[PDB]
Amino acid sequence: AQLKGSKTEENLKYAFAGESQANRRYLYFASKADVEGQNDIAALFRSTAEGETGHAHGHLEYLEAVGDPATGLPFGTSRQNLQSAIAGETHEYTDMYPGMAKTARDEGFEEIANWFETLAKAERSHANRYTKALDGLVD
């Protein structure tokens, strides 16, 4: 059985997305506990978040055989990782965030539209900086 094209590949991608979101959510929850003074709860959310990091890393290790869950491109070496990062960032600043900004404007969410435009600009900066790093990579 080959993993590529299987239902298990799809489950690995979905589980990777869920573990990734769980780490971000739990760190957000930790910050809210911090401000409240619930320092024991904050520490618990932070420790659980590290568990989700280990889970996500494991899912990615299996995905190395089929490709980056964000781009479909190969990953592993620093050259491949930079190539995939550039591809994904380029999609985000040429397509994803500008399109979301337009929709938010159209629906009347002007501040959220401005947020999406800020992020389009930020991802363009990330893409350009990775491209410079790839140009200088000695491997």
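Counting begins at 1, following the sequence as shown.
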Higher-B stretch (mean Cα B-factor, as the entry records it), 20 to 28 or 7 to 15: 7 to 15
Per the entry, higher mean C-alpha B factor between 66 to 74 and 49 to 57: 66 to 74
Residue with maximal Cα B-factor (values as given in the PDB entry) among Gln38, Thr94, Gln80, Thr103: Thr103
Third of chain Cα B-factors occupied by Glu110: highest
